[PDB]
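Asks: Compute the structure for the input listed below.
(chains A and B, ligands or ions: 2)
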Amino acid sequence: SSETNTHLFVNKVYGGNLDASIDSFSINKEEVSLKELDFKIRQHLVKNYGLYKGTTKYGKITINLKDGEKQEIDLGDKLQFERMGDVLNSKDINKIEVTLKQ
Amino acid sequence: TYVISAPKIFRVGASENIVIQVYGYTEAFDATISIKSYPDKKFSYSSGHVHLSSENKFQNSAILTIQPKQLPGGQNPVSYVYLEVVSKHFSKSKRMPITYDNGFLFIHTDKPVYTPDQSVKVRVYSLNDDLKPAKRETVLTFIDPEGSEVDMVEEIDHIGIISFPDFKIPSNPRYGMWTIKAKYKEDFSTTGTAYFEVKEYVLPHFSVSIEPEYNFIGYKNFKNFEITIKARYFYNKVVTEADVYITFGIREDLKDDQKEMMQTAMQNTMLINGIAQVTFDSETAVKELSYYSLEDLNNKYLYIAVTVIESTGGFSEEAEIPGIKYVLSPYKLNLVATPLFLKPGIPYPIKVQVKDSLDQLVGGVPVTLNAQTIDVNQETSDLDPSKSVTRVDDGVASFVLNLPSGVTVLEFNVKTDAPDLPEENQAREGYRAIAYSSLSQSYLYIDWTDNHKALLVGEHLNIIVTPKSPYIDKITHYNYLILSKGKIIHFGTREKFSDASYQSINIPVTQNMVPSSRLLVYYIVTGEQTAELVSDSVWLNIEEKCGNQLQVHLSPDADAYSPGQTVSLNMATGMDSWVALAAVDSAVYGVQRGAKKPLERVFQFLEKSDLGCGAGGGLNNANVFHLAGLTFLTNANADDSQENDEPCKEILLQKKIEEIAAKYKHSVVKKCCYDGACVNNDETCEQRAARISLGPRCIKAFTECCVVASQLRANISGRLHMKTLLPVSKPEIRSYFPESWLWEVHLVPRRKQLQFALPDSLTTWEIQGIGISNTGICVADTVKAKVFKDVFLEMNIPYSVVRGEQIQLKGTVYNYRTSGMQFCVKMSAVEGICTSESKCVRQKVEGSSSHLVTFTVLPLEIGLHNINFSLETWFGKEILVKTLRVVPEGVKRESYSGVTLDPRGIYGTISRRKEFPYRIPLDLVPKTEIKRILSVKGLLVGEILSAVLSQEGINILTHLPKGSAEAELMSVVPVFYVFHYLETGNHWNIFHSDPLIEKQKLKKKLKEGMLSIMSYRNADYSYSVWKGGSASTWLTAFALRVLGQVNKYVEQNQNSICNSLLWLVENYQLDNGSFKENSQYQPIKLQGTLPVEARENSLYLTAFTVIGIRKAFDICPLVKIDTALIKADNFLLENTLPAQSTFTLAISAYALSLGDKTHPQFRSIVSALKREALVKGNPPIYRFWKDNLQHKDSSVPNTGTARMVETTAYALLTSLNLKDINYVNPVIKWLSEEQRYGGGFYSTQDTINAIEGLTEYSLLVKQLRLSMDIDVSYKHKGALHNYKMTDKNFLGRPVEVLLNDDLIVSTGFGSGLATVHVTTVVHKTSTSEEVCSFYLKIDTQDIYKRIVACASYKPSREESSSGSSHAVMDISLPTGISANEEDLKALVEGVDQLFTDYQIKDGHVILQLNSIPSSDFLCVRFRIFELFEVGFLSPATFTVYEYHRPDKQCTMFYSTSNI
Ligand SMILES: *[C@@H]1O[C@H](CO)[C@@H](O[C@@H]2O[C@H](CO)[C@@H](O)[C@H](O)[C@H]2NC(C)=O)[C@H](O)[C@H]1NC(C)=O
Ligand SMILES: *[C@@H]1O[C@H](CO)[C@@H](O)[C@H](O)[C@H]1NC(C)=O
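Replies: Residues are numbered from 1 along each chain as shown, chains lettered A, B, ... in the order given. Ligands and ions are numbered 1, 2, ... in the order given. Now the structure:
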């Protein structure tokens, strides 16, 4: 029941504008489903950084894991149903980072 | 150009936020930062590969972090660091101070005041910089009211609520203000503090209140104030005649335990029918009376304290008022969210804000704003008076002066012009504004508007960004930065609006700025000459919306509870969370529980992590970034931060005597004079001036000032009683404050209910519950919940009652229903109690009050208890059960029966049958049975085992009075030995339970007993006899001694003990290695001539100090004290052997014994002593020494002695050092039959040595597997119990011998060792038999009614004229006859101290003092008031015995009435 306090960066792209907030997540396990990983990421953006409320919905979440790995989950669509089996290591991740398009 | 912001400082274990943002061109480019150590960019703690691009508008964040590298204490490590960044286009870095201030410590004391003997519940909440659980190891360190550590302890952080262990208050602690501090075990400088006051509970006879005209003192009354003081008994009847004494004072605050009184504070206007009054021209009483002669010159407090002693009874009651804040002008301006640098050309926004003496906003008030300014041209300007008036919803009086750009500094004065106030008394301020100088002529101003004083979360911030002025508008981008709690958390860029000037910026206030926030905003200006940064910023108060909404709701939401009702409690949270309940008696805080704030209390403190400062924004883009609590990393401008870093702080006839205080030259002389005259008419002023020790320096200040006050009472005025009040500054408080509850922590995933019944008790419970989780820390709104029963009777039963006396059982039934009502109290007739029924006597109670009750009775059955009481009301009928203690007259206990069961004839013979018979003393108080106990335990060390493991709570092993310090030490003994025994002789396996835990409990029992004494510890580390008394060298050791003994298993404070030794030595060790005793303390009466005794008395001390310095020596092994140790032993050899007494010898023996046990000479001494012994049955079966020394009067009259057993201990100990195993077997055969059921009967000094023996020896010899098979039995009556003893049970139950028969303990065969004790108690009617060692006289006078009892010591043959050693006086008070509490304190509490300790316990007045000289008597006096109506009374008992030798008991009957 590991409780790591990770830090993720938020950046809204209003075109030649960007309002960027730095902040934290809370992983309550030693290994988590990318589903739960994904349900938690948007859950907060949805409750905190204005997502799915207005021009917000299109973006790409970029999970950091190691000195060369960079992946995303289109916020344009929750169509990621096969990879939702994928599982991730708690103390591995280095820094989460999001970028917003309205 | 590039910007890289970062704090103005760093912290360890700090998630330091570091943004990078930049005006770089299209080419995206990499960026790695990191943290490197001073001049060698070698060490790099962490880094971050944060790549920017046009997609990220060239910006990015990085959580660096300096963990704990450099740990070399002493080295000035860590001071300064290099922050480093990297990229393709360049690289840069910096030096900027850092610290070890990570997180915070919150010390939730349960309640913030305690009385003797409560247990201070307490815990600690702890957060890191990031306001998360902050798991860690921490320690606090309690600190007595004088500032000397007293304990310590650490613990484990599982969640963040560090759960420390109860701290119990001393049975008699130092009175004042305690301090609890807290620090992280590991690295981190982080400071926790908190406090708590201990006050001395007293019993209230009658409630005296005191209400002041108003609550402050505004210029209206300054030559007057109407105070009304209202006294009244508990039985709903106000006082009539009473003397009134009222002091007053100044002070600074409410956290100051000391306030410099005033003279000429009016005595006497006689409380008159539940009142009286006065009016107090403040003018007079301060000018010459302290540093305040000016109204004005007062904005501090006014402290009040009355004393109302009732005229009829002779009682006394005291009552105080903390303070009464004076005020100049009832309003107080304070600028609001208004920065003090006016950018030029812009108009300056001045928002003042009036408030009242109570700190609410107050609208509709005038506000004249005179200003002044100077040109850059160094030309002045006197402006023109603007006047607004303060808003109604706002409390704000908005202004604006438009400023001639060439302005500079702007000084201005605000002030109310209330139309009704003296000009004088109009609240005002003054300030200063200054031009953000910038050579590019370029400035910035940002604003916004909201009508509410805070900006709720979720809202949105519209801020206008007017760059006004800059010679040009070629602005690319606006760039912002929002810190919060010392941490940047927001930043970005809005593309500038080409055409027009300013433009709006809209940042969503985020929960992440919860407590406050600042932001700042710079545009990068390309002056043709140089890259110029420019900015401004603001401070941003916001709504204290917590992270986790923790709320607590009571199942029955009723605003009052039935006392004992089961009632469910609710928790709740939008997120899983850790709660922490805590149910105080709301009483504490209470009387005007200052507005301040509940959850803000924390939120205030908690955000002093705001690195920056101000209303916002600086003086140079640098300054602006500075005050931001930042410094930033940019090549273009000077990212400096001048020198250091800004200690910013909140910009964002008894008078005729008191003149002779003119003889001040020291405090104590003031005490020599004050109490000096006090109130003594039973002895002249130079009679009292005799008993004066401290110094002749004061004796003058005594008799001078007494005479003055004595001629005086012949002129102020059968009622006369001078006074001049001064509680000596002692914390007293006429109210108890129950131990709190619901102190458990909890895990609550959004909901948790936990039902429970509330404690029977009259109070209002304030159950407050803090909760903490991953959001941070957040206080729930309290939830009061008074419990209370409408109407209820109480009965004031007495302690005890003598058979055959007629008692008056009082009490009072309580009405707290609004209207009045009808009741019906009836007493149940129990067998042997007498009464007036062969009944329902219905009465009426006026609403919201009380009707006294009474019932008379008279018991013939001694001990007979139980009385059920009952009242009746329309809607109720209740039964309160009570219990009456019934006694007889003249208690003496004779216990000398005792055996050792020795089946195996291991110690001198086979012992398998001893016989304790009936012996009714011909003085028996008829019809009272002879009660007797029979203590059968395995082992010679089983009595000393059972004592400590059958009761809990440490405890003294005699009936000896708790007075001394000594006694408070005699508590730590019985356990210590028993742990040294259990442990060192590993015998933990006695227990069927879990043993390891049994250990702890003993461990505790030790430490806590250990603190029990602190109170008697003086300043210079010298200990002392009775509290505060002149440090006694004797007890300075005796503690040393038992301090170093218990060091074995309870690490004692090094530097404490250290100085503790280095006191005796460096100061009290004569130029011959002997030790002079400081105080006047006589512990023991030594025999011999006045010359002899001196030489004798010197030896004894020098014997005892050694023992001490020895016992403890090992924790402060020290050259300078090893030395003295020999200088000491030397005197000892070189001065013992022409032996003066066996006692003398024996300590001098035992003490060399704890050293070089081989000095030929020691052999001679050991010989001498060893020579002196005597003995019982041949060959020897019992060996022991006598008090004397070869004068052989041989009077060992079948009876032990405190000094006897003390001596033989001292030899038995010496032997048991030298391992003389066969010499000793008879010595202990007889200790172990001396010792009195429970503990070492005779006195103290013996029974610690005596106990040290009996352990040491059962330690040194080897134990004899027990397996007896006892059978106690009546000679004629059939058999009583009989039980196979083993190592399973051996500390078996005690048993009282009921019937009337001769007794017989009588094991079968077996093995091991059983100490049969049998302590038989009987009540006799006469002392005519007994031995008087003290001359007495006791009688009850009338000049209402008061007791004058006397004494003189009866010197035994060979004894010095000086008379007694340390001694007590013990007066029994006739059933129901309270004595003058205030009378005694008088006797002791002074430099004319006739006694030195008083204490009324369970019906007895018990006085301690040093001597009872035999030149004449020594007499106490105190007065008494029948607390009720007592029939034919059986007299009480005035007794007087010498502390150290209980052998000297002259006991005597007397009666408090001639009837
Ligand atoms: C007052 O005292 C009497 C006797 O001590 C109490 O009598 C008892 O009542 C309880 C409750 O039913 C019984 O369990 C006991 O057996 C009774 N004791 C005896 C031996 O009589 C009585 O309860 C008390 N008065 C009240 C009403 O509280
Ligand atoms: C006390 O003595 C003074 C001086 O002799 C006298 O004048 C005065 O009357 C006396 N006090 C009073 C008020 O009786």
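Asks: Backbone torsions only: list them for the closest residue in space to residue B:995 that isn't next to it in sequence.
Replies: Of all residues not flanking residue B:995 in the chain, residue B:988 sits nearest, at 4.4 Å (Cβ to Cβ, 6 or more residues apart in numbering or on different chains). (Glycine included, C-beta is placed from N, CA and C.) When quoted as degrees, to the nearest 10, the phi and psi of residue B:988 stand at phi -40, psi -30.
Asks: Longest helix in chain B, please.
Replies: Identified as the longest helix of chain B according to DSSP state H is helix B:1090-1112.
Asks: Could I get the CA-only coordinates of the strand or helix carrying residue B:494 as CSV?
Replies: If you go by DSSP states H and E, residue B:494 is part of strand B:487-495. The C-alpha trace of strand B:487-495 is given here as CSV (Å, rounded to 0.1, in the frame of the first residue of the first chain):
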residue,chain,number,x,y,z
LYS,B,487,5.9,28.1,-3.5
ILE,B,488,5.4,29.2,-7.1
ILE,B,489,2.4,27.2,-8.5
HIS,B,490,1.2,29.3,-11.4
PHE,B,491,2.8,31.2,-14.3
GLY,B,492,2.2,31.6,-18.0
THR,B,493,1.9,34.2,-20.8
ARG,B,494,-0.9,36.2,-22.4
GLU,B,495,0.0,37.7,-25.8
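Asks: what packs against the longest helix of chain B?
Replies: Counting contacts by 3 or more Cβ pairs under 8 Å, 6 or more residues apart in numbering or on different chains; DSSP states H and E, helix B:1090-1112 packs against helix B:1033-1045, helix B:1054-1068, helix B:1119-1136, helix B:1142-1152.
Asks: Report the spatially nearest residue to residue B:1411, omitting neighbours in sequence.
Replies: Excluding its sequence neighbours, the residue lying closest to residue B:1411 (Cβ to Cβ, 6+ apart) is residue B:1364, at 4.9 Å.
Asks: Provide the secondary structure category for that neighbour.
Replies: Following DSSP: H, G, I helix; E, B strand; the rest coil, we place residue B:1364 in the coil state.
Asks: The closest residue to residue B:59 other than its chain neighbours: what's it in contact with?
Replies: Residue nearest to residue B:59 in three dimensions, not counting chain neighbours: residue B:21, with 3.7 Å by Cβ to Cβ, 6+ apart. By Cβ atoms under 8 Å, 6 or more residues apart in numbering or on different chains, the contact list for residue B:21 reads B:2, B:3, B:52, B:57, B:58, B:59, B:60, B:479, B:491, B:492, B:493.
Asks: Check residue B:168 too.
Replies: Shown in contact with residue B:168 (Cβ under 8 Å, 6+ apart): B:117, B:118, B:119, B:120, B:1008, B:1011.
Asks: which residue sits farthest out from the middle of the chain?
Replies: Chain wasn't specified; assuming chain A. Most distant residue from the mean C-alpha position of chain A: residue A:16, 22.8 Å away (Cα atoms, centre = their mean).
Asks: You answered for a different chain; I wanted chain B.
Replies: The C-alpha centroid of chain B is most remote from residue B:499, which lies 70.5 Å away (Cα atoms, centre = their mean).
Asks: State the helix or strand in which that residue lies.
Replies: With DSSP H and E as criterion, residue B:499 is part of no helix or strand.
Asks: how close does it sit to residue B:473?
Replies: Distance, residue B:499 to residue B:473, using Cβ to Cβ, to the nearest Å: 9 Å.
Asks: go on, residue B:849?
Replies: Distance from residue B:849 to residue B:473, counting by Cβ to Cβ: 82 Å.
Asks: Get me the contact residues on chain B for ligand 1.
Replies: B:866, B:868, B:879, B:881 (Cβ under 6 Å from any ligand atom).
Asks: Format the residues you listed as TSV; extra columns: neighbour count.
Replies: Converted to TSV, the residues of chain B next to ligand 1 look like this (neighbours: other Cβ atoms under 10 Å in any protein chain shown):
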residue	neighbour count
B:866	12
B:868	13
B:879	11
B:881	11
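Asks: Go back to those residues and keep what's next to chain A.
Replies: On the criterion Cβ under 8 Å from any Cβ of the partner chain, none of the entries of the residues of chain B next to ligand 1 sits beside chain A.
Asks: which residues are in contact with the helix or strand harbouring residue B:482?
Replies: Here residue B:482, judged by DSSP H and E, is contained in strand B:477-484. For strand B:477-484, the external contacting residues (Cβ under 8 Å, 6+ apart) are B:3, B:5, B:19, B:21, B:23, B:465, B:488-496, B:503, B:505, B:507, B:512-524, B:537, B:611-612, B:628-630.
Asks: For chain A, give me its nearest residue in the stretch 701-850 of chain B.
Replies: Residue nearest to chain A within the stretch 701-850 of chain B: residue B:774 (5.3 Å; Cβ to the nearest Cβ).
Asks: Correct me if wrong: that residue contacts residue A:4.
Replies: No. Counting by Cβ atoms under 8 Å, residue B:774 stays clear of residue A:4, with 11.0 Å between them.
Asks: ok, now which ones touch the residue of the stretch 701-850 of chain B closest to chain A?
Replies: A:3, A:5, A:26, B:132, B:133, B:547, B:575.
Asks: Select only the buried ones of the residues you listed in ChimeraX?
Replies: Per 16 or more other Cβ atoms under 10 Å in any protein chain shown, the buried members of the contacts of residue B:774 correspond to this ChimeraX selection:
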select /B:132,133,547
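Asks: The closest residue to residue B:47 other than its chain neighbours in helix, strand or coil?
Replies: Leaving aside its sequence neighbours, residue B:47 sits nearest to residue B:34 (Cβ to Cβ, 6+ apart; 3.3 Å). Following three-state DSSP, we place residue B:34 in the strand state.
Asks: Name whatever forms a beta bridge with residue B:34.
Replies: Per DSSP bridges, the residues bridged to residue B:34 are residue B:47, residue B:84.
Asks: who touches residue B:523 in this structure?
Replies: Contacts for residue B:523 (Cβ under 8 Å, 6+ apart) come out as B:444, B:467, B:475, B:476, B:477, B:478, B:479, B:496, B:534, B:535.
Asks: go on, residue A:48?
Replies: Going by Cβ under 8 Å, 6+ apart, residue A:48 touches B:510, B:511.
Asks: residue boundaries of the strands in chain A?
Replies: With DSSP state E as the criterion, chain A has strands at A:7-13, A:17-24, A:31-33, A:58-59, A:62-64, A:70-71, A:87-89, A:96-97, A:100-101.
Asks: Out of the ones you listed, which is closest to chain B?
Replies: Among these, the nearest to chain B by Cβ to the nearest Cβ is strand A:17-24 (4.0 Å).
Asks: In chain B, which residue sits closest to ligand 1?
Replies: Of all residues in chain B, residue B:868 sits closest to ligand 1, at 3.3 Å by Cβ to the nearest ligand atom.
Asks: Can you get me a residue count around the nearest residue to residue B:110 once chain neighbours are set aside?
Replies: Excluding the flanking residues, the one nearest residue B:110 by Cβ to Cβ, 6+ apart is residue B:121, at 3.7 Å. The local packing of residue B:121 (other Cβ atoms under 10 Å in any protein chain shown) involves 19 other residues.
Asks: mind listing what residue B:121 touches?
Replies: Per Cβ under 8 Å, 6+ apart, neighbours of residue B:121: B:109, B:110, B:111, B:166, B:582, B:739, B:740, B:743.
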